[PDB]
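**Student:** My structure file structure-v2.txt, compact mmCIF, C-alpha atoms and all ligand atoms, is below:
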# COMPACT_ATOMS: atom_id res chain seq x y z
CA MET A 1 0.84 10.36 -2.05
CA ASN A 2 4.28 9.71 -3.59
CA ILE A 3 5.98 6.79 -5.39
CA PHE A 4 6.78 4.96 -2.17
CA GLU A 5 3.23 5.01 -0.78
CA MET A 6 1.88 4.14 -4.22
CA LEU A 7 4.08 1.04 -4.70
CA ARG A 8 3.49 0.02 -1.07
CA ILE A 9 -0.22 -0.14 -1.84
CA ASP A 10 0.31 -2.08 -5.12
CA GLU A 11 2.84 -4.60 -3.85
CA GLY A 12 1.96 -5.00 -0.13
CA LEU A 13 4.55 -6.04 2.46
CA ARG A 14 5.47 -9.62 3.32
CA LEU A 15 8.20 -10.57 5.67
CA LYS A 16 8.46 -14.24 4.62
CA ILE A 17 9.44 -15.60 1.18
CA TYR A 18 6.27 -15.75 -0.93
CA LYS A 19 5.26 -16.41 -4.49
CA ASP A 20 4.30 -13.44 -6.67
CA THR A 21 1.39 -13.39 -9.16
CA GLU A 22 3.65 -15.11 -11.73
CA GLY A 23 4.65 -17.74 -9.23
CA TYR A 24 8.15 -16.35 -8.51
CA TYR A 25 9.92 -16.22 -5.18
CA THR A 26 9.69 -12.72 -3.80
CA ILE A 27 9.96 -11.05 -0.41
CA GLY A 28 9.22 -7.65 1.22
CA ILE A 29 7.71 -4.96 -0.93
CA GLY A 30 7.69 -6.72 -4.26
CA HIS A 31 11.39 -7.58 -4.22
CA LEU A 32 11.82 -10.37 -6.84
CA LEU A 33 14.38 -12.89 -5.61
CA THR A 34 14.69 -15.42 -8.44
CA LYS A 35 12.78 -16.85 -11.31
CA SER A 36 14.10 -20.25 -10.34
CA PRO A 37 11.73 -22.87 -8.95
CA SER A 38 14.05 -23.74 -6.17
CA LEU A 39 13.25 -22.40 -2.68
CA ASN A 40 16.85 -22.88 -1.89
CA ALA A 41 17.98 -20.82 -4.82
CA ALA A 42 15.61 -18.14 -3.27
CA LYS A 43 16.97 -18.40 0.25
CA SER A 44 20.47 -18.05 -1.16
CA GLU A 45 19.58 -14.87 -3.10
CA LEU A 46 17.74 -13.61 -0.06
CA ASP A 47 20.84 -13.99 2.21
CA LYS A 48 23.17 -12.52 -0.40
CA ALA A 49 20.79 -9.51 -0.66
CA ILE A 50 20.59 -8.93 3.14
CA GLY A 51 24.17 -9.85 4.13
CA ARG A 52 23.07 -12.32 6.86
CA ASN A 53 21.66 -15.87 7.23
CA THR A 54 18.05 -15.20 7.10
CA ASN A 55 16.41 -18.57 7.00
CA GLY A 56 13.81 -16.93 4.62
CA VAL A 57 12.61 -14.32 7.09
CA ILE A 58 13.50 -10.61 7.25
CA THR A 59 12.47 -7.63 9.40
CA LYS A 60 10.48 -4.51 8.35
CA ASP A 61 13.61 -2.40 8.27
CA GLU A 62 15.34 -4.90 5.98
CA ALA A 63 12.29 -4.95 3.74
CA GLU A 64 12.26 -1.16 3.54
CA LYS A 65 15.88 -1.06 2.75
CA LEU A 66 15.44 -3.35 -0.21
CA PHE A 67 12.46 -1.26 -1.29
CA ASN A 68 14.56 1.96 -1.13
CA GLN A 69 17.18 0.33 -3.41
CA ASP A 70 14.63 -0.96 -5.83
CA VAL A 71 12.91 2.40 -6.37
CA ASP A 72 16.28 4.08 -6.77
CA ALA A 73 17.34 1.50 -9.35
CA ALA A 74 13.98 1.85 -11.15
CA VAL A 75 14.44 5.65 -11.59
CA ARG A 76 18.13 5.25 -12.65
CA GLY A 77 17.25 2.54 -15.09
CA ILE A 78 14.65 4.93 -16.64
CA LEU A 79 17.22 7.70 -16.84
CA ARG A 80 19.78 5.48 -18.55
CA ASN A 81 17.33 4.09 -20.98
CA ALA A 82 17.21 5.78 -24.42
CA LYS A 83 13.57 4.91 -24.92
CA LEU A 84 12.45 5.77 -21.48
CA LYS A 85 14.26 8.92 -20.58
CA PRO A 86 12.56 11.12 -23.15
CA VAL A 87 9.14 9.93 -21.97
CA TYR A 88 9.95 10.52 -18.32
CA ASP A 89 11.40 14.03 -19.07
CA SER A 90 8.24 14.97 -20.80
CA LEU A 91 5.90 13.98 -17.97
CA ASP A 92 4.50 15.86 -14.97
CA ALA A 93 5.35 14.59 -11.43
CA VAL A 94 2.30 12.30 -10.93
CA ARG A 95 2.58 10.67 -14.33
CA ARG A 96 6.29 10.12 -13.71
CA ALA A 97 5.26 8.00 -10.62
CA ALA A 98 3.05 5.91 -12.94
CA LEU A 99 5.97 5.13 -15.24
CA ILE A 100 8.28 4.31 -12.35
CA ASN A 101 5.60 1.90 -11.09
CA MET A 102 5.48 0.04 -14.46
CA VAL A 103 9.28 -0.22 -14.47
CA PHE A 104 9.46 -1.55 -10.91
CA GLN A 105 6.89 -4.28 -11.79
CA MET A 106 8.09 -5.24 -15.19
CA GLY A 107 11.57 -4.08 -15.68
CA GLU A 108 13.01 -1.54 -18.05
CA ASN A 109 13.11 -3.84 -21.02
CA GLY A 110 9.49 -4.80 -20.51
CA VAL A 111 8.26 -1.21 -20.42
CA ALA A 112 10.55 0.00 -23.20
CA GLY A 113 8.67 -2.50 -25.37
CA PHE A 114 5.35 -0.57 -25.07
CA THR A 115 6.44 1.49 -28.08
CA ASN A 116 3.07 2.79 -29.15
CA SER A 117 1.82 3.79 -25.68
CA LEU A 118 5.15 5.50 -24.92
CA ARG A 119 4.72 7.61 -28.02
CA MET A 120 1.18 8.49 -27.09
CA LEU A 121 2.27 9.49 -23.56
CA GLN A 122 5.03 11.71 -24.90
CA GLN A 123 2.48 13.42 -27.16
CA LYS A 124 0.12 13.83 -24.18
CA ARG A 125 -2.72 11.92 -25.79
CA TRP A 126 -4.01 10.63 -22.43
CA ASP A 127 -7.18 8.91 -23.42
CA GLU A 128 -5.50 7.21 -26.39
CA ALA A 129 -2.58 6.07 -24.33
CA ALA A 130 -4.93 4.56 -21.66
CA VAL A 131 -6.74 2.60 -24.39
CA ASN A 132 -3.51 1.20 -25.91
CA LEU A 133 -1.96 0.38 -22.49
CA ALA A 134 -4.99 -1.88 -21.75
CA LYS A 135 -4.24 -4.13 -24.79
CA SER A 136 -1.51 -5.98 -23.03
CA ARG A 137 -0.80 -9.16 -21.19
CA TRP A 138 -0.02 -6.84 -18.24
CA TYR A 139 -3.55 -5.51 -18.06
CA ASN A 140 -4.98 -8.99 -18.56
CA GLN A 141 -2.87 -10.65 -15.87
CA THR A 142 -3.17 -7.95 -13.14
CA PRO A 143 -6.21 -5.92 -14.12
CA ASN A 144 -6.80 -4.09 -10.75
CA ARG A 145 -3.28 -2.83 -10.48
CA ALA A 146 -3.04 -2.03 -14.23
CA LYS A 147 -6.31 0.01 -14.00
CA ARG A 148 -4.91 2.04 -11.14
CA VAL A 149 -1.74 2.87 -13.10
CA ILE A 150 -3.64 3.59 -16.28
CA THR A 151 -5.99 5.94 -14.45
CA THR A 152 -3.01 7.76 -13.05
CA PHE A 153 -1.70 8.28 -16.62
CA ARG A 154 -5.13 9.34 -17.96
CA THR A 155 -5.92 11.88 -15.23
CA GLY A 156 -2.70 12.98 -13.83
CA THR A 157 -4.10 12.78 -10.25
CA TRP A 158 -3.79 10.23 -7.42
CA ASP A 159 -7.45 9.48 -7.44
CA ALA A 160 -7.18 5.68 -7.98
CA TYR A 161 -5.04 5.51 -4.93
CA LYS A 162 -7.31 7.47 -2.68
CL CL B 201 19.62 -6.85 -4.41
CL CL B 202 -4.38 -6.88 -10.02
Mind turning the file's structure into structure tokens?
**Tutor:**
Amino acid sequence: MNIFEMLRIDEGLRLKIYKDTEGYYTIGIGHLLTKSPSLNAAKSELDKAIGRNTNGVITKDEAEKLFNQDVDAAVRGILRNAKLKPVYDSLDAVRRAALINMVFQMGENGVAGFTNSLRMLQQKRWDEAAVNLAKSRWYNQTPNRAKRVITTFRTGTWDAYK
């Protein structure tokens, strides 16, 4: 198991524009297109992202390409972030995957806001961190996925994904 397989399990793969859990236009492996309600604003972003007229449909390869960019950007955003970098540096390899997963789902700003949990993670207070991470809109809105990520932080193994 690695970050790619992990996020592939959490996000799924869809080759046609769809609506995410929040109701936003997305495609592929969790690639957010726009927060705008317009399907046309979505098709426009989609074509700009792929470099071809897609008519809202892409191939597996195209989807994986987007996914490769998104993970890369997630990591790089963590490394450039003053609040995130120190947490990431402190973690072991599995727990690092858990943080990258939160960032991919919610963006750097979103994660950087989990001040208290971040502090607990850095201090390696696993059980306490898991408890605080659960008191969030995140956990309430997508409980199955949140539980998987939280378990990864608590244990430091890939159990929840096996
Ligand atoms: Cl893009
Ligand atoms: Cl869920």
**Student:** Using all atoms listed in the file, which residues of the polymer chains come no farther than 10 Å from ligand CL 202 (chain B)? I'd like the answer as a list in words.
**Tutor:**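 Here is the list of contacting residues: residues 10, 11, 21, 138, 139, 140, 141, 142, 143, 144, 145, 146, 147 and 148 of chain A.
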**Student:** Let's have the selection written as a PDB file, keeping the file's coordinate frame, with C-alpha atoms.
**Tutor:**
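As a result, out_38.pdb now contains:
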ATOM      1  CA  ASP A  10       0.310  -2.080  -5.120  1.00  0.00           C
ATOM      2  CA  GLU A  11       2.840  -4.600  -3.850  1.00  0.00           C
ATOM      3  CA  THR A  21       1.390 -13.390  -9.160  1.00  0.00           C
ATOM      4  CA  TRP A 138      -0.020  -6.840 -18.240  1.00  0.00           C
ATOM      5  CA  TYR A 139      -3.550  -5.510 -18.060  1.00  0.00           C
ATOM      6  CA  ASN A 140      -4.980  -8.990 -18.560  1.00  0.00           C
ATOM      7  CA  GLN A 141      -2.870 -10.650 -15.870  1.00  0.00           C
ATOM      8  CA  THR A 142      -3.170  -7.950 -13.140  1.00  0.00           C
ATOM      9  CA  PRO A 143      -6.210  -5.920 -14.120  1.00  0.00           C
ATOM     10  CA  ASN A 144      -6.800  -4.090 -10.750  1.00  0.00           C
ATOM     11  CA  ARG A 145      -3.280  -2.830 -10.480  1.00  0.00           C
ATOM     12  CA  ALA A 146      -3.040  -2.030 -14.230  1.00  0.00           C
ATOM     13  CA  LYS A 147      -6.310   0.010 -14.000  1.00  0.00           C
ATOM     14  CA  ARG A 148      -4.910   2.040 -11.140  1.00  0.00           C
TER      15      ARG A 148
END
**Student:** Once you count all atoms listed in the file, what closest atom pair and distance in Å to one decimal does each residue of chain A within 8 Å of ligand CL 201 (chain B) have, with rows by chain and rising residue number, as CSV?
**Tutor:**
residue,atom,partner,partner_atom,distance
A:48,CA,B:CL201,CL,7.8
A:49,CA,B:CL201,CL,4.7
A:50,CA,B:CL201,CL,7.9
A:66,CA,B:CL201,CL,6.9
A:69,CA,B:CL201,CL,7.6
A:70,CA,B:CL201,CL,7.8
**Student:** For residue 117 (chain A), find every residue with an atom within 9 Å (counting only C-alpha atoms), except residues of its own chain fewer than 4 positions away, and show them as a PyMOL selection string.
**Tutor:** chain A and resi 121-122+128-133
**Student:** How many Å separate CA of residue 55 (chain A) from CA of residue 8 (chain A)?
**Tutor:**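 Going from CA of residue 55 (chain A) over to CA of residue 8 (chain A) covers 24.0 Å.
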**Student:** Have a look at A:137, A:154, A:96, A:83 and name the one nearest to residue 116 (chain A); count all atoms listed in the file.
**Tutor:** A:83
**Student:** If I take CA of residue 107 (chain A) and CA of residue 73 (chain A), how far is one from the other in Å, to one decimal?
**Tutor:**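 Going from CA of residue 107 (chain A) over to CA of residue 73 (chain A), I get 10.2 Å.
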**Student:** Find, counting only C-alpha atoms, the residue in A:13, A:32, A:1, A:97 that gets nearest to residue 162 (chain A).
**Tutor:**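 Once distances to residue 162 (chain A) are computed over only C-alpha atoms, the minimum belongs to A:1.
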**Student:** Can you pull out the residues contacting residue 90 (chain A)? Cut-off 12 Å, using only C-alpha atoms, and skip same-chain residues under 4 positions away; I want them as a list in words.
**Tutor:**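 After dropping sequence-adjacent residues, the list is residues 84, 85, 86, 94, 95, 96, 99, 118, 119, 120, 121, 122, 123 and 124 of chain A.
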**Student:** Which residues are close to residue 4 (chain A), i.e. within 12 Å by only C-alpha atoms, leaving aside same-chain residues fewer than 5 positions away? Reply as a PyMOL selection string.
**Tutor:** chain A and resi 9-12+29-30+64-65+67-72+74+97-98+100-101+104
**Student:** When you count all atoms listed in the file, which of these residues is closest to residue 110 (chain A): A:34, A:59, A:77, A:125?
**Tutor:**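 Checking each of A:34, A:59, A:77, A:125 against residue 110 (chain A), counting all atoms listed in the file, the winner is A:77.
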**Student:** Generate a file for region 90-138 of chain A, containing N, CA and C atoms, as a tab-separated table (two decimals), in the first residue's frame.
**Tutor:**
chain	number	residue	atom	x	y	z
A	90	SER	N	8.17	15.36	11.01
A	90	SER	CA	8.18	14.55	12.20
A	90	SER	C	7.60	13.15	12.05
A	91	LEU	N	6.78	12.91	11.02
A	91	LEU	CA	6.08	11.65	10.93
A	91	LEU	C	6.81	10.52	10.27
A	92	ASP	N	6.38	9.27	10.56
A	92	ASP	CA	6.92	8.10	9.86
A	92	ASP	C	6.23	8.03	8.48
A	93	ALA	N	6.67	7.14	7.59
A	93	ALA	CA	6.16	7.03	6.23
A	93	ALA	C	4.64	6.77	6.06
A	94	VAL	N	4.07	5.90	6.89
A	94	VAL	CA	2.63	5.61	6.81
A	94	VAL	C	1.81	6.81	7.24
A	95	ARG	N	2.19	7.38	8.37
A	95	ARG	CA	1.45	8.55	8.87
A	95	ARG	C	1.55	9.72	7.93
A	96	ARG	N	2.70	9.86	7.25
A	96	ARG	CA	2.84	10.91	6.22
A	96	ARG	C	1.73	10.77	5.13
A	97	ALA	N	1.46	9.51	4.69
A	97	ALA	CA	0.41	9.20	3.71
A	97	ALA	C	-0.95	9.70	4.21
A	98	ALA	N	-1.21	9.51	5.53
A	98	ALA	CA	-2.45	9.99	6.12
A	98	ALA	C	-2.58	11.52	6.03
A	99	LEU	N	-1.50	12.23	6.23
A	99	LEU	CA	-1.59	13.68	6.14
A	99	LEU	C	-1.76	14.11	4.69
A	100	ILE	N	-1.09	13.40	3.76
A	100	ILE	CA	-1.19	13.81	2.37
A	100	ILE	C	-2.66	13.62	1.93
A	101	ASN	N	-3.27	12.54	2.45
A	101	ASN	CA	-4.66	12.24	2.12
A	101	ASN	C	-5.58	13.37	2.61
A	102	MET	N	-5.43	13.84	3.85
A	102	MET	CA	-6.24	14.98	4.30
A	102	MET	C	-6.07	16.22	3.39
A	103	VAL	N	-4.83	16.50	3.02
A	103	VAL	CA	-4.55	17.67	2.18
A	103	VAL	C	-5.18	17.55	0.80
A	104	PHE	N	-5.11	16.39	0.18
A	104	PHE	CA	-5.69	16.16	-1.11
A	104	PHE	C	-7.23	16.39	-1.10
A	105	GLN	N	-7.88	16.02	-0.02
A	105	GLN	CA	-9.32	16.09	0.17
A	105	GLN	C	-9.77	17.47	0.53
A	106	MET	N	-9.03	18.11	1.40
A	106	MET	CA	-9.45	19.37	1.93
A	106	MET	C	-8.62	20.60	1.73
A	107	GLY	N	-7.53	20.45	1.04
A	107	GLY	CA	-6.68	21.54	0.79
A	107	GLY	C	-5.83	21.90	1.99
A	108	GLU	N	-4.72	22.53	1.67
A	108	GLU	CA	-3.71	22.91	2.62
A	108	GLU	C	-4.24	23.82	3.71
A	109	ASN	N	-5.02	24.82	3.30
A	109	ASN	CA	-5.57	25.75	4.25
A	109	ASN	C	-6.49	25.06	5.24
A	110	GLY	N	-7.30	24.14	4.70
A	110	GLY	CA	-8.24	23.39	5.51
A	110	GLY	C	-7.52	22.59	6.60
A	111	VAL	N	-6.49	21.85	6.20
A	111	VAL	CA	-5.77	21.03	7.15
A	111	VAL	C	-4.98	21.86	8.16
A	112	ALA	N	-4.30	22.88	7.63
A	112	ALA	CA	-3.50	23.77	8.46
A	112	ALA	C	-4.34	24.35	9.61
A	113	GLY	N	-5.67	24.36	9.43
A	113	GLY	CA	-6.55	24.86	10.47
A	113	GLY	C	-6.78	23.92	11.66
A	114	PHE	N	-6.40	22.64	11.54
A	114	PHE	CA	-6.57	21.64	12.58
A	114	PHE	C	-5.44	21.78	13.61
A	115	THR	N	-5.24	22.99	14.06
A	115	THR	CA	-4.17	23.36	14.97
A	115	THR	C	-3.85	22.41	16.09
A	116	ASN	N	-4.87	22.11	16.87
A	116	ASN	CA	-4.73	21.21	18.02
A	116	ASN	C	-4.30	19.77	17.67
A	117	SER	N	-4.92	19.20	16.65
A	117	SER	CA	-4.58	17.83	16.23
A	117	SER	C	-3.16	17.78	15.68
A	118	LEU	N	-2.77	18.83	14.95
A	118	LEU	CA	-1.44	18.90	14.34
A	118	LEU	C	-0.38	18.86	15.42
A	119	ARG	N	-0.66	19.56	16.51
A	119	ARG	CA	0.24	19.64	17.65
A	119	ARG	C	0.34	18.30	18.33
A	120	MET	N	-0.81	17.64	18.49
A	120	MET	CA	-0.82	16.32	19.08
A	120	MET	C	-0.06	15.29	18.19
A	121	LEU	N	-0.20	15.39	16.87
A	121	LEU	CA	0.51	14.48	15.98
A	121	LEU	C	2.04	14.68	16.12
A	122	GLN	N	2.45	15.93	16.11
A	122	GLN	CA	3.85	16.24	16.21
A	122	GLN	C	4.46	15.67	17.49
A	123	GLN	N	3.67	15.71	18.59
A	123	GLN	CA	4.09	15.20	19.87
A	123	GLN	C	3.95	13.73	19.96
A	124	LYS	N	3.39	13.07	18.92
A	124	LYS	CA	3.18	11.61	18.90
A	124	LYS	C	2.23	11.08	19.94
A	125	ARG	N	1.19	11.86	20.22
A	125	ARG	CA	0.13	11.47	21.14
A	125	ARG	C	-1.01	10.95	20.26
A	126	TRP	N	-0.82	9.70	19.78
A	126	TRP	CA	-1.72	9.08	18.80
A	126	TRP	C	-3.18	8.96	19.16
A	127	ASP	N	-3.43	8.41	20.33
A	127	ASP	CA	-4.78	8.26	20.78
A	127	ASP	C	-5.44	9.61	20.97
A	128	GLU	N	-4.73	10.60	21.54
A	128	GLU	CA	-5.32	11.91	21.73
A	128	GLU	C	-5.62	12.63	20.44
A	129	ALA	N	-4.71	12.48	19.50
A	129	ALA	CA	-4.88	13.09	18.20
A	129	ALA	C	-6.13	12.53	17.49
A	130	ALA	N	-6.30	11.20	17.54
A	130	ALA	CA	-7.43	10.50	16.92
A	130	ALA	C	-8.76	11.01	17.46
A	131	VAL	N	-8.80	11.22	18.80
A	131	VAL	CA	-9.98	11.76	19.47
A	131	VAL	C	-10.28	13.18	18.99
A	132	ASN	N	-9.29	14.07	18.94
A	132	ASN	CA	-9.51	15.44	18.52
A	132	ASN	C	-9.85	15.56	17.01
A	133	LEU	N	-9.26	14.71	16.19
A	133	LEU	CA	-9.52	14.74	14.75
A	133	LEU	C	-10.99	14.43	14.45
A	134	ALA	N	-11.60	13.60	15.30
A	134	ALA	CA	-13.02	13.17	15.13
A	134	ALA	C	-14.03	14.30	15.40
A	135	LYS	N	-13.64	15.31	16.18
A	135	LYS	CA	-14.50	16.47	16.47
A	135	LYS	C	-14.40	17.48	15.37
A	136	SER	N	-14.90	17.13	14.21
A	136	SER	CA	-14.76	18.00	13.07
A	136	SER	C	-15.91	17.79	12.13
A	137	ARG	N	-16.16	18.78	11.33
A	137	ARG	CA	-17.19	18.67	10.30
A	137	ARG	C	-16.79	17.53	9.35
A	138	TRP	N	-15.48	17.44	9.10
A	138	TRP	CA	-14.87	16.43	8.23
A	138	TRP	C	-15.33	15.02	8.61
